[PDB]
Amino acid sequence: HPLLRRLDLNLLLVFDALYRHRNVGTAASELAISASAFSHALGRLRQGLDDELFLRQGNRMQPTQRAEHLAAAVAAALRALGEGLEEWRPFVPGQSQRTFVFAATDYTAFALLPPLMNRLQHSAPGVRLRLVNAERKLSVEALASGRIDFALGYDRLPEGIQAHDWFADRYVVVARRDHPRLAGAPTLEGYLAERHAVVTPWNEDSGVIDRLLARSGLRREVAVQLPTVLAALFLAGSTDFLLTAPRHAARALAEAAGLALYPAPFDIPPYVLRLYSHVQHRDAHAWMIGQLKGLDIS
Amino acid sequence: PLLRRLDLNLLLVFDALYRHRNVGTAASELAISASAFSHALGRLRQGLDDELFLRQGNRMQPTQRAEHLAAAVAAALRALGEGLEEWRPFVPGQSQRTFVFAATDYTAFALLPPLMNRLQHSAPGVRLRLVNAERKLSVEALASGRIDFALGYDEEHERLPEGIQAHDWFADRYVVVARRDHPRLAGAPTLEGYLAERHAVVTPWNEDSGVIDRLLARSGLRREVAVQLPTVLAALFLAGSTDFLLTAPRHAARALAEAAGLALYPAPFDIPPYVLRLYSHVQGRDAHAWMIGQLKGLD
Amino acid sequence: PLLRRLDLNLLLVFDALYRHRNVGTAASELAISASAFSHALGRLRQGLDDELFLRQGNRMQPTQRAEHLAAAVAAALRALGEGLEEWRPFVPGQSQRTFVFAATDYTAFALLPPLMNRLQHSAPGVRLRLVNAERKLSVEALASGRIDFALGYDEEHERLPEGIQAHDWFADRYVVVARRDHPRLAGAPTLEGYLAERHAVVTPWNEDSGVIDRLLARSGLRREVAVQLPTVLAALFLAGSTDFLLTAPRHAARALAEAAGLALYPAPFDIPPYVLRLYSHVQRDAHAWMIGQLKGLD
Amino acid sequence: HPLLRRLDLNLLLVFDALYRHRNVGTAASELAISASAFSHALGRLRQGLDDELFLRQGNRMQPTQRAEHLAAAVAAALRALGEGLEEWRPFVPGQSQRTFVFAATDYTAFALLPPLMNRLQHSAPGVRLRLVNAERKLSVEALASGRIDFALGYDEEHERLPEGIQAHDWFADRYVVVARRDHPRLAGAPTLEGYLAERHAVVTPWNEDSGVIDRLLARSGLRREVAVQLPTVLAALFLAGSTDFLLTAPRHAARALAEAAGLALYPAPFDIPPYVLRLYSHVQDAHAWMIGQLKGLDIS
């Protein structure tokens, strides 16, 4: 191309940050340059490309058509380059300003981050994490393209994917403290007589407990499905609904939500929280996997 | 081709009779006389050119063809009935309907406990399904009726899109949350003290910045971000195990202050108060007016 | 109740209007007059207290409520349809069945003329509907029974997926085609002659490359592609008015050789002769009858 | 990114040119920079990557093993950029290498490609075309994106254009009734009832439940008995030559196959508007040229 030779490729970072942030202030912050230098860089990109690229519309900077068409190409270019350069020298935790991106849910964020970041805030003070909601627990392509470094969840692995287990726990049945129909653990029949709250973190049709019960031809009555366990626990606290939840979350919220926790009157295998990654993926990744060790999760 | 010749109303007659195996009881379910039923039966026998059910006294036994047909009919009638549920008159105390809400963990935490404390007794068969959506307000999903309502609040007086209506239900403010014993906080943070810490940031739709970063940028300010995540309730547990500051809804912060070990402070800069709203598409229903009315019971 | 007050026959009117978006042709499919159809639609509008379809055309556009009912009604009629088809033994001289084939222009060209020449006499009531499908074999479609059969062949001795069977019905080979007066071919091209020209390529499922491209690559060769298009018969006329070479099935090329003005040559490289197959889900006498019909065909 | 933020990315074109040429004089002339400018840039990149990157043997520049890992990443990145920036390449017909993507049917591919490519093979010899079977005639979505440059078809009577879609006419033609040359019941052109007493082949290019003629005929209270629907006119014309079925088809296509498939062509015994085939595009250089190409194009 004759354009690559004329265009200051450093302006591509400006273009990419603004397309993602739609905001000059937060894009300039990501880039660690001043609002003024950012605005000047945008004027140059406008001149280099003979296009406005982004016009302010209230809050937001909105891309033109030419910008919209260029955006995936630039982000693909920067991904190839960044991966390229990461491989280049070994990972240095004390100096790293890298962001690790995890696909996660509220429960994995809750389980993982507080003890991980209690460490990282000291041993790696410039490393950042970014957790995102994903439409699936485990997208290989996202892991393969390096858009996402890790995925979190639990429970045979797709190809190119490995896991590192980092927490193991069990499910309990949760009800509010003064539930009218509990004077100990529900029986199977008593559990199946109530209405249930169910956590579906990827907007699945049934919960993990529903599918478990199906193996035995059992079905519960569902009052509410929601993606978030911590909110589910406050819901159980203010209603007569039962929630079958990770015990680690339920204990953390038992006093705040006013909850009682009970064994389930059917078997539920203990679960193990795991970190998924792509086999392709590397010093930064190994360092993070190694951090998941010294980790006492409560 | 043979479906168009068949009086499809007669399939209700087949279906009741296959289920009941007796004419008086099947007729009773359909609310017609036994005579009426017997005549419909004779019509169906002609329409399918089969005896369909063999009579022994008053026992009614399916022929081989009837048996083979029965699952097809039950499944068809199920599909029809499911598709017409949307036409069923809404009555609160009897409805078995689901309301689908696009939400975040925070609006789920804010809405569900009180709404369902009441709806569980007032409308014991109504279900709610909350989904993470890829943005706060997709007009198409709401126009579809693929989701019924969305929850969130208006940022910096954004204009409601094309044919969205909203109704306010909860006013609150943001506070600055730190772990209760923070190394550098002898008291409320100053602006400089706030900007000297790293921050936890809630990005409920995977945005690259938080609502507070964007507010700060409008004054030429920025904060050092250590973690972004979509969930406020986990974020408060994060603030409680680290030196990270979290600038969060006071309603969530108070409910977890003791569980997460937090201190709560006023922001050392101006933050508009926020109002949680319920958003919908302008295209009617008794169900929708009713849920809009239930969001008018505080906490 | 729900079903109980509604005249369920009115759901066929609904279904036909939803598919035809045209009162006249929807009425025709149902073998009723326009007025009956309109009175029936009036009864549905009442029964459902909607308007269901909006005359914005001379075409009929669904409302939002019709929009939802539509898939339910479709599913109901499909279920009934299947059960009723099992009902009586298949009688070819009496049948009014539509057989639905996934096909390409080439397989339609190859199959339909000799098949229908016979069926128009031996099964005057039987109708065929050929559809362009997303790929040759999206087996879900064959199981759903959305499609009775699919035509095509198996490339590179490929195995074909589980629960799918197939029956040979045409053997043919590939041939290199050029306009008769091409300035540099009046006999078979050498490989270098072949690879010096530009090429038309048939990609029937909008694929990235042609079967001959994939073949050539296996030997580390590349041809220069001028035109990709999904239609063999149109590609033949393209080759007749240009200096492009097309590598295409001989049966099609012979048919168009005079009309398009083409010369036909063997390829300077090895192309395995292909077989046109009939594909079906193992899962029906209607199906076995069709299988028996291609069977004994020329 | 955050190592990208640190690197002068423009130095990566010097890296990439030197990796391909393995000689500083030709890498430099590829980049249109002086020798000393090149050598300074290579010096900066060696400081930026803290590596030699290339060792000199004569004039031969041999990449360190490090440099080897990085070149593929640079090449991929530069390839993605160049492709997104093609949009900015000045359009020259005689030299252009672009691929135009059209949404089409077998009929419109047949009508357009022979004369279009008859010309373009000479006038724009590196220009390529890609025709795809789209799920409908006119998907404004695909046009906007520019995943598809153009769409081909005709307006049904006289259809209103969606917003952001413009159309340009390229061929006026009419429909005719086609039968096998020796049909047992046609002593000449069919009458209306003669036509309605046959079974019919019908072309439904987007898999619709009716033909454009069925729509038309129903508007006079008339219905035909359909034996076969298929999306291809050209296969349909052969079907008509091997059966008693009638087909109501574009004249341009039926004339091209009359001999090959053994057909007779007759005027329709009812009124059918002429059709006008058109080129559709979204309101948003290459596109302007292609639009002008069809303008004077001889189809017949």
# chains A, B, ... in the order shown; residues from 1 in each chain; ligands from 1
$ interface_residues --of "chain B" --to "chain A" --cutoff "7 Å" --atoms "only C-alpha atoms" --output "ChimeraX atom specification"
/B:105,108-109,112-114,116-117,127-132,206,208-209,213-214,217,222,226-231,233-234,237-238,241-242,255-256,259
$ residues_around --residues "segment 157-165 of chain A" --least-positions-apart "4" --cutoff "8 Å" --atoms "only C-alpha atoms" --output "MDAnalysis selection string"
chainID A and resid 140 272:280 289
$ residues_around --residues "residue 154 of chain B" --least-positions-apart "3" --cutoff "8 Å" --atoms "only C-alpha atoms" --output "mmCIF file with N, CA, C and O atoms, in the first residue's frame"
data_model
loop_
_atom_site.group_PDB
_atom_site.id
_atom_site.type_symbol
_atom_site.label_atom_id
_atom_site.label_comp_id
_atom_site.auth_asym_id
_atom_site.auth_seq_id
_atom_site.Cartn_x
_atom_site.Cartn_y
_atom_site.Cartn_z
ATOM 1 N N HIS B 157 -28.532 12.662 31.030
ATOM 2 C CA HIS B 157 -29.789 12.918 30.306
ATOM 3 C C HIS B 157 -29.820 12.447 28.828
ATOM 4 O O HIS B 157 -30.368 13.174 27.990
ATOM 5 N N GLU B 158 -29.243 11.274 28.498
ATOM 6 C CA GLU B 158 -29.391 10.677 27.151
ATOM 7 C C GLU B 158 -30.837 10.731 26.744
ATOM 8 O O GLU B 158 -31.748 10.574 27.586
ATOM 9 N N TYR B 274 -28.763 9.288 40.604
ATOM 10 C CA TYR B 274 -29.232 8.494 39.478
ATOM 11 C C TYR B 274 -30.621 8.001 39.826
ATOM 12 O O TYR B 274 -31.013 7.959 40.995
ATOM 13 N N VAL B 275 -31.400 7.725 38.791
ATOM 14 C CA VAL B 275 -32.715 7.168 38.952
ATOM 15 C C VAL B 275 -32.800 5.874 38.130
ATOM 16 O O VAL B 275 -32.622 5.894 36.931
ATOM 17 N N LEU B 276 -33.045 4.760 38.799
ATOM 18 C CA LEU B 276 -33.304 3.507 38.124
ATOM 19 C C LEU B 276 -34.640 3.573 37.401
ATOM 20 O O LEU B 276 -35.675 3.976 37.964
ATOM 21 N N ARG B 277 -34.617 3.195 36.138
ATOM 22 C CA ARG B 277 -35.868 3.175 35.381
ATOM 23 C C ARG B 277 -36.182 1.803 34.815
ATOM 24 O O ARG B 277 -35.285 0.959 34.622
#
$ closest_atom_pairs --of "chain D" --to "chain C" --cutoff "8 Å" --atoms "only C-alpha atoms" --output "tab-separated table"
residue	atom	partner	partner_atom	distance
D:106	CA	C:231	CA	5.8
D:107	CA	C:234	CA	7.6
D:109	CA	C:234	CA	6.2
D:110	CA	C:234	CA	4.6
D:113	CA	C:238	CA	6.0
D:114	CA	C:238	CA	4.5
D:115	CA	C:241	CA	7.0
D:117	CA	C:242	CA	6.6
D:118	CA	C:242	CA	5.0
D:121	CA	C:242	CA	7.3
D:126	CA	C:226	CA	7.7
D:127	CA	C:226	CA	7.2
D:128	CA	C:226	CA	4.7
D:129	CA	C:227	CA	4.8
D:130	CA	C:228	CA	4.8
D:131	CA	C:229	CA	4.6
D:132	CA	C:206	CA	5.6
D:133	CA	C:230	CA	6.9
D:206	CA	C:132	CA	7.9
D:207	CA	C:131	CA	5.9
D:208	CA	C:20	CA	7.6
D:209	CA	C:20	CA	5.9
D:210	CA	C:25	CA	6.8
D:214	CA	C:25	CA	6.6
D:215	CA	C:25	CA	6.3
D:218	CA	C:24	CA	4.9
D:219	CA	C:24	CA	6.8
D:221	CA	C:24	CA	7.5
D:223	CA	C:28	CA	6.4
D:226	CA	C:127	CA	7.4
D:227	CA	C:127	CA	4.7
D:228	CA	C:128	CA	4.7
D:229	CA	C:129	CA	4.8
D:230	CA	C:130	CA	4.7
D:231	CA	C:131	CA	6.5
D:232	CA	C:105	CA	5.8
D:234	CA	C:233	CA	6.6
D:235	CA	C:109	CA	4.6
D:236	CA	C:109	CA	7.6
D:238	CA	C:113	CA	6.3
D:239	CA	C:113	CA	4.5
D:240	CA	C:113	CA	7.6
D:241	CA	C:113	CA	7.7
D:242	CA	C:113	CA	5.3
D:243	CA	C:117	CA	5.1
D:244	CA	C:120	CA	7.8
D:256	CA	C:259	CA	6.6
D:257	CA	C:259	CA	6.5
D:259	CA	C:259	CA	7.2
D:260	CA	C:259	CA	6.0
$ write_last_selection --atoms "N, CA and C atoms" --output "tab-separated table (two decimals), in the first residue's frame"
chain	number	residue	atom	x	y	z
D	106	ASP	N	-29.22	-17.15	-10.96
D	106	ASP	CA	-28.72	-17.72	-12.19
D	106	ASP	C	-29.16	-16.85	-13.38
D	107	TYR	N	-30.37	-16.31	-13.38
D	107	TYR	CA	-30.78	-15.51	-14.52
D	107	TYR	C	-29.96	-14.24	-14.69
D	109	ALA	N	-26.99	-13.50	-13.41
D	109	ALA	CA	-25.60	-13.86	-13.74
D	109	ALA	C	-25.47	-14.15	-15.25
D	110	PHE	N	-26.42	-14.93	-15.77
D	110	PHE	CA	-26.48	-15.20	-17.18
D	110	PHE	C	-26.60	-13.96	-18.03
D	113	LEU	N	-23.13	-11.30	-16.90
D	113	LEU	CA	-21.70	-11.66	-16.96
D	113	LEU	C	-21.08	-11.81	-18.35
D	114	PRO	N	-21.78	-12.50	-19.31
D	114	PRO	CA	-21.16	-12.66	-20.64
D	114	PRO	C	-20.74	-11.35	-21.30
D	115	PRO	N	-21.66	-10.37	-21.44
D	115	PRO	CA	-21.19	-9.13	-22.06
D	115	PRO	C	-20.30	-8.26	-21.17
D	117	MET	N	-18.09	-9.27	-18.79
D	117	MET	CA	-16.76	-9.81	-18.78
D	117	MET	C	-16.09	-9.90	-20.16
D	118	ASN	N	-16.90	-9.93	-21.21
D	118	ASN	CA	-16.37	-9.82	-22.55
D	118	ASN	C	-15.55	-8.51	-22.68
D	121	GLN	N	-12.53	-8.26	-19.31
D	121	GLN	CA	-11.30	-9.04	-19.54
D	121	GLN	C	-10.20	-8.22	-20.29
D	126	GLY	N	-7.32	-7.04	-14.34
D	126	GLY	CA	-7.06	-7.66	-12.99
D	126	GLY	C	-8.31	-7.61	-12.12
D	127	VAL	N	-9.40	-7.03	-12.65
D	127	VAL	CA	-10.66	-6.91	-11.89
D	127	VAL	C	-11.35	-8.29	-11.88
D	128	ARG	N	-11.81	-8.70	-10.69
D	128	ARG	CA	-12.49	-9.95	-10.46
D	128	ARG	C	-13.89	-9.69	-10.04
D	129	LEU	N	-14.76	-10.67	-10.30
D	129	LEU	CA	-16.16	-10.62	-9.81
D	129	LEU	C	-16.49	-11.84	-8.99
D	130	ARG	N	-17.25	-11.60	-7.92
D	130	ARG	CA	-17.77	-12.69	-7.05
D	130	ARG	C	-19.31	-12.58	-6.96
D	131	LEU	N	-19.98	-13.60	-7.46
D	131	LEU	CA	-21.47	-13.60	-7.41
D	131	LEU	C	-21.92	-14.59	-6.36
D	132	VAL	N	-22.87	-14.20	-5.52
D	132	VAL	CA	-23.32	-15.04	-4.41
D	132	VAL	C	-24.82	-15.21	-4.50
D	133	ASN	N	-25.31	-16.37	-4.07
D	133	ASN	CA	-26.76	-16.56	-3.89
D	133	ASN	C	-27.13	-15.90	-2.57
D	206	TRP	N	-35.63	-17.01	-4.75
D	206	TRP	CA	-35.33	-16.85	-3.33
D	206	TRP	C	-36.19	-17.80	-2.54
D	207	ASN	N	-36.49	-18.93	-3.15
D	207	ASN	CA	-37.30	-19.94	-2.48
D	207	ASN	C	-38.69	-19.53	-2.00
D	208	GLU	N	-39.25	-18.48	-2.58
D	208	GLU	CA	-40.60	-18.02	-2.26
D	208	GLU	C	-41.67	-19.06	-2.55
D	209	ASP	N	-42.85	-18.91	-1.93
D	209	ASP	CA	-43.93	-19.92	-2.08
D	209	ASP	C	-44.78	-19.73	-3.34
D	210	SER	N	-44.47	-18.72	-4.15
D	210	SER	CA	-45.20	-18.51	-5.39
D	210	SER	C	-44.25	-17.94	-6.42
D	214	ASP	N	-47.51	-16.01	-10.65
D	214	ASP	CA	-48.63	-16.47	-9.82
D	214	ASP	C	-49.28	-15.29	-9.14
D	215	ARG	N	-48.44	-14.46	-8.54
D	215	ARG	CA	-48.82	-13.14	-8.02
D	215	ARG	C	-49.65	-12.41	-9.09
D	218	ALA	N	-53.10	-14.23	-10.09
D	218	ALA	CA	-54.10	-14.24	-9.00
D	218	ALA	C	-54.91	-12.91	-9.02
D	219	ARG	N	-54.24	-11.82	-9.42
D	219	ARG	CA	-54.87	-10.51	-9.61
D	219	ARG	C	-55.89	-10.42	-10.73
D	221	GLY	N	-57.88	-13.33	-10.79
D	221	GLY	CA	-58.64	-14.51	-10.33
D	221	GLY	C	-58.17	-15.87	-10.85
D	223	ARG	N	-55.39	-19.14	-11.47
D	223	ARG	CA	-54.40	-19.94	-10.78
D	223	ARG	C	-53.91	-21.03	-11.72
D	226	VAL	N	-49.13	-26.24	-10.39
D	226	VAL	CA	-47.68	-26.23	-10.40
D	226	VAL	C	-47.14	-27.60	-10.15
D	227	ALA	N	-46.28	-28.10	-11.05
D	227	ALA	CA	-45.60	-29.37	-10.82
D	227	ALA	C	-44.24	-29.24	-10.13
D	228	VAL	N	-43.45	-28.22	-10.49
D	228	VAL	CA	-42.10	-28.03	-9.95
D	228	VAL	C	-41.83	-26.55	-9.69
D	229	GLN	N	-41.22	-26.23	-8.54
D	229	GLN	CA	-40.63	-24.93	-8.30
D	229	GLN	C	-39.14	-25.14	-8.19
D	230	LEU	N	-38.35	-24.22	-8.74
D	230	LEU	CA	-36.87	-24.32	-8.63
D	230	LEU	C	-36.35	-22.93	-8.79
D	231	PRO	N	-35.15	-22.67	-8.27
D	231	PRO	CA	-34.63	-21.32	-8.24
D	231	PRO	C	-33.91	-20.91	-9.54
D	232	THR	N	-33.66	-21.88	-10.44
D	232	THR	CA	-32.84	-21.69	-11.66
D	232	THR	C	-33.75	-21.65	-12.91
D	234	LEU	N	-32.36	-21.46	-15.98
D	234	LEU	CA	-31.71	-22.16	-17.03
D	234	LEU	C	-31.94	-23.66	-16.91
D	235	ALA	N	-31.87	-24.22	-15.71
D	235	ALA	CA	-32.27	-25.61	-15.55
D	235	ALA	C	-33.77	-25.78	-15.89
D	236	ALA	N	-34.58	-24.77	-15.57
D	236	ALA	CA	-36.05	-24.86	-15.78
D	236	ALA	C	-36.38	-24.99	-17.27
D	238	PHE	N	-34.49	-26.39	-19.51
D	238	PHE	CA	-34.32	-27.81	-19.89
D	238	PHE	C	-35.43	-28.72	-19.38
D	239	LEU	N	-35.94	-28.43	-18.19
D	239	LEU	CA	-37.07	-29.18	-17.68
D	239	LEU	C	-38.29	-29.10	-18.64
D	240	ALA	N	-38.63	-27.89	-19.06
D	240	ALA	CA	-39.69	-27.64	-20.06
D	240	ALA	C	-39.55	-28.35	-21.41
D	241	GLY	N	-38.29	-28.53	-21.88
D	241	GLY	CA	-37.97	-29.27	-23.10
D	241	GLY	C	-38.09	-30.79	-22.97
D	242	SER	N	-38.11	-31.32	-21.75
D	242	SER	CA	-38.30	-32.76	-21.52
D	242	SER	C	-39.68	-33.14	-20.94
D	243	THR	N	-40.63	-32.22	-20.87
D	243	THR	CA	-41.93	-32.55	-20.34
D	243	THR	C	-43.02	-31.78	-21.02
D	244	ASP	N	-44.26	-32.04	-20.55
D	244	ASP	CA	-45.36	-31.28	-21.09
D	244	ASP	C	-45.57	-30.01	-20.29
D	256	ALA	N	-31.89	-18.00	-25.77
D	256	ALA	CA	-30.55	-18.62	-25.69
D	256	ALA	C	-30.57	-20.16	-25.57
D	257	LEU	N	-31.63	-20.70	-25.00
D	257	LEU	CA	-31.67	-22.13	-24.85
D	257	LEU	C	-32.66	-22.84	-25.79
D	259	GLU	N	-32.80	-23.86	-28.81
D	259	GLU	CA	-32.26	-25.05	-29.52
D	259	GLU	C	-31.69	-26.11	-28.64
D	260	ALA	N	-30.83	-25.70	-27.73
D	260	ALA	CA	-30.22	-26.64	-26.76
D	260	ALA	C	-31.25	-27.49	-26.02
$ interface_residues --of "chain D" --to "chain A" --cutoff "12 Å" --atoms "only C-alpha atoms" --output "MDAnalysis selection string"
chainID D and resid 1:14 16:17 28 30:33 48:51 53 65:90 144:147 283:284
$ atom_distance --atom1 "atom CA of residue 55 of chain D" --atom2 "atom CA of residue 18 of chain D"
11.4 Å
$ residues_around --residues "residue 260 of chain A" --least-positions-apart "4" --cutoff "10 Å" --atoms "only C-alpha atoms" --output "ChimeraX atom specification"
/A:172-179,182,184-185,236-237,250-251,254-255
$ write_last_selection --atoms "N, CA and C atoms" --output "short mmCIF file (atom, residue, chain, number, x, y, z; two decimals), in the first residue's frame"
data_model
loop_
_atom_site.label_atom_id
_atom_site.label_comp_id
_atom_site.auth_asym_id
_atom_site.auth_seq_id
_atom_site.Cartn_x
_atom_site.Cartn_y
_atom_site.Cartn_z
N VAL A 172 -25.39 -25.88 48.27
CA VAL A 172 -26.28 -26.01 49.42
C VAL A 172 -27.59 -25.42 48.99
N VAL A 173 -28.62 -25.77 49.77
CA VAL A 173 -29.93 -25.14 49.62
C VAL A 173 -30.06 -23.99 50.60
N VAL A 174 -30.48 -22.84 50.04
CA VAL A 174 -30.56 -21.59 50.77
C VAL A 174 -32.01 -21.20 50.87
N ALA A 175 -32.42 -20.75 52.08
CA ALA A 175 -33.75 -20.17 52.22
C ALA A 175 -33.60 -19.04 53.22
N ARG A 176 -34.54 -18.12 53.21
CA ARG A 176 -34.49 -17.11 54.18
C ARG A 176 -34.60 -17.76 55.57
N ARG A 177 -34.04 -17.04 56.55
CA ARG A 177 -33.92 -17.50 57.93
C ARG A 177 -35.22 -17.95 58.59
N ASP A 178 -36.29 -17.21 58.34
CA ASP A 178 -37.55 -17.59 59.05
C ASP A 178 -38.59 -18.03 58.12
N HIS A 179 -38.15 -18.91 57.20
CA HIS A 179 -38.99 -19.44 56.15
C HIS A 179 -40.13 -20.21 56.87
N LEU A 182 -39.74 -24.42 57.02
CA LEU A 182 -38.47 -25.06 57.33
C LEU A 182 -38.16 -25.07 58.83
N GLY A 184 -35.74 -27.54 59.53
CA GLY A 184 -34.44 -28.18 59.27
C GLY A 184 -34.37 -28.32 57.77
N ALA A 185 -33.45 -29.16 57.32
CA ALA A 185 -33.19 -29.38 55.92
C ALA A 185 -34.48 -29.82 55.20
N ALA A 236 -33.49 -14.75 47.60
CA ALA A 236 -33.83 -15.85 48.58
C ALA A 236 -34.10 -15.26 49.96
N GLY A 237 -33.33 -14.27 50.38
CA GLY A 237 -33.50 -13.62 51.69
C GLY A 237 -34.79 -12.86 51.91
N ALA A 250 -23.01 -18.36 49.44
CA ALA A 250 -24.06 -18.39 50.47
C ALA A 250 -23.52 -18.05 51.84
N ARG A 251 -22.41 -18.65 52.28
CA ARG A 251 -21.86 -18.23 53.59
C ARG A 251 -21.46 -16.80 53.66
N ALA A 254 -24.76 -14.90 54.08
CA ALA A 254 -25.79 -15.39 55.01
C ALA A 254 -26.27 -14.32 55.97
N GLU A 255 -25.39 -13.58 56.63
CA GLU A 255 -25.82 -12.51 57.54
C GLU A 255 -26.39 -11.28 56.78
#
$ closest_atom_pairs --of "chain C" --to "chain B" --cutoff "8 Å" --atoms "only C-alpha atoms" --output "Markdown table"
| residue | atom | partner | partner_atom | distance |
| --- | --- | --- | --- | --- |
| C:2 | CA | B:84 | CA | 6.3 |
| C:3 | CA | B:81 | CA | 6.3 |
| C:4 | CA | B:30 | CA | 7.7 |
| C:7 | CA | B:9 | CA | 6.6 |
| C:8 | CA | B:9 | CA | 5.6 |
| C:9 | CA | B:8 | CA | 5.6 |
| C:12 | CA | B:4 | CA | 7.5 |
| C:30 | CA | B:4 | CA | 6.9 |
| C:48 | CA | B:87 | CA | 7.3 |
| C:64 | CA | B:144 | CA | 7.2 |
| C:68 | CA | B:83 | CA | 7.1 |
| C:69 | CA | B:83 | CA | 5.2 |
| C:71 | CA | B:83 | CA | 8.0 |
| C:72 | CA | B:83 | CA | 5.1 |
| C:73 | CA | B:80 | CA | 6.0 |
| C:75 | CA | B:79 | CA | 6.6 |
| C:76 | CA | B:76 | CA | 4.0 |
| C:77 | CA | B:76 | CA | 6.8 |
| C:78 | CA | B:76 | CA | 8.0 |
| C:79 | CA | B:72 | CA | 5.3 |
| C:80 | CA | B:72 | CA | 5.5 |
| C:81 | CA | B:3 | CA | 6.8 |
| C:82 | CA | B:72 | CA | 7.5 |
| C:83 | CA | B:69 | CA | 5.4 |
| C:84 | CA | B:69 | CA | 7.2 |
| C:87 | CA | B:65 | CA | 6.7 |
| C:96 | CA | B:1 | CA | 6.8 |
| C:97 | CA | B:1 | CA | 7.3 |
$ select_by_dssp --residues "segment 173-211 of chain A" --states "alpha helix (DSSP H)" --output "ChimeraX atom specification"
/A:188-193,208-211
$ write_last_selection --atoms "N, CA and C atoms" --output "PDB file, in the first residue's frame"
ATOM      1  N   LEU A 188     -36.564 -34.179  50.011  1.00  0.00           N
ATOM      2  CA  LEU A 188     -36.846 -34.086  48.566  1.00  0.00           C
ATOM      3  C   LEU A 188     -38.253 -33.506  48.273  1.00  0.00           C
ATOM      4  N   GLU A 189     -39.274 -34.050  48.921  1.00  0.00           N
ATOM      5  CA  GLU A 189     -40.639 -33.599  48.651  1.00  0.00           C
ATOM      6  C   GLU A 189     -40.856 -32.141  49.052  1.00  0.00           C
ATOM      7  N   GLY A 190     -40.324 -31.768  50.206  1.00  0.00           N
ATOM      8  CA  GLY A 190     -40.399 -30.409  50.680  1.00  0.00           C
ATOM      9  C   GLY A 190     -39.678 -29.407  49.760  1.00  0.00           C
ATOM     10  N   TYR A 191     -38.511 -29.797  49.246  1.00  0.00           N
ATOM     11  CA  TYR A 191     -37.753 -29.010  48.239  1.00  0.00           C
ATOM     12  C   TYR A 191     -38.572 -28.834  46.976  1.00  0.00           C
ATOM     13  N   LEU A 192     -39.080 -29.930  46.420  1.00  0.00           N
ATOM     14  CA  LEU A 192     -39.985 -29.867  45.258  1.00  0.00           C
ATOM     15  C   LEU A 192     -41.374 -29.249  45.449  1.00  0.00           C
ATOM     16  N   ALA A 193     -41.781 -28.926  46.685  1.00  0.00           N
ATOM     17  CA  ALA A 193     -43.030 -28.204  46.954  1.00  0.00           C
ATOM     18  C   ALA A 193     -42.919 -26.680  46.885  1.00  0.00           C
ATOM     19  N   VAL A 208     -28.130 -25.412  36.152  1.00  0.00           N
ATOM     20  CA  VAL A 208     -27.324 -26.639  36.313  1.00  0.00           C
ATOM     21  C   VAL A 208     -28.031 -27.664  37.231  1.00  0.00           C
ATOM     22  N   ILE A 209     -28.839 -27.148  38.188  1.00  0.00           N
ATOM     23  CA  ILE A 209     -29.547 -27.988  39.147  1.00  0.00           C
ATOM     24  C   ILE A 209     -30.727 -28.623  38.446  1.00  0.00           C
ATOM     25  N   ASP A 210     -31.387 -27.877  37.576  1.00  0.00           N
ATOM     26  CA  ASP A 210     -32.454 -28.405  36.758  1.00  0.00           C
ATOM     27  C   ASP A 210     -31.999 -29.538  35.887  1.00  0.00           C
ATOM     28  N   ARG A 211     -30.844 -29.397  35.273  1.00  0.00           N
ATOM     29  CA  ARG A 211     -30.397 -30.465  34.396  1.00  0.00           C
ATOM     30  C   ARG A 211     -29.969 -31.731  35.184  1.00  0.00           C
TER      31      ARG A 211
END
$ atom_distance --atom1 "atom CA of residue 111 of chain B" --atom2 "atom CA of residue 278 of chain B"
10.1 Å
$ residues_around --residues "residue 254 of chain B" --least-positions-apart "2" --cutoff "12 Å" --atoms "only C-alpha atoms" --output "PyMOL selection string"
(chain A and resi 256-257) or (chain B and resi 172-177+233+236+248-252+256-265)
$ atom_distance --atom1 "atom CA of residue 255 of chain D" --atom2 "atom CA of residue 299 of chain D"
13.2 Å
$ decode --residues "segment 10-14 of chain B" --atoms "C-alpha atoms" --output "mmCIF file, in the first residue's frame"
data_model
loop_
_atom_site.group_PDB
_atom_site.id
_atom_site.type_symbol
_atom_site.label_atom_id
_atom_site.label_comp_id
_atom_site.auth_asym_id
_atom_site.auth_seq_id
_atom_site.Cartn_x
_atom_site.Cartn_y
_atom_site.Cartn_z
ATOM 1 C CA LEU B 10 -62.120 -32.460 15.191
ATOM 2 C CA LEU B 11 -58.536 -33.024 16.416
ATOM 3 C CA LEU B 12 -59.658 -31.759 19.865
ATOM 4 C CA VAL B 13 -62.187 -34.620 19.789
ATOM 5 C CA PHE B 14 -59.526 -37.193 18.830
#
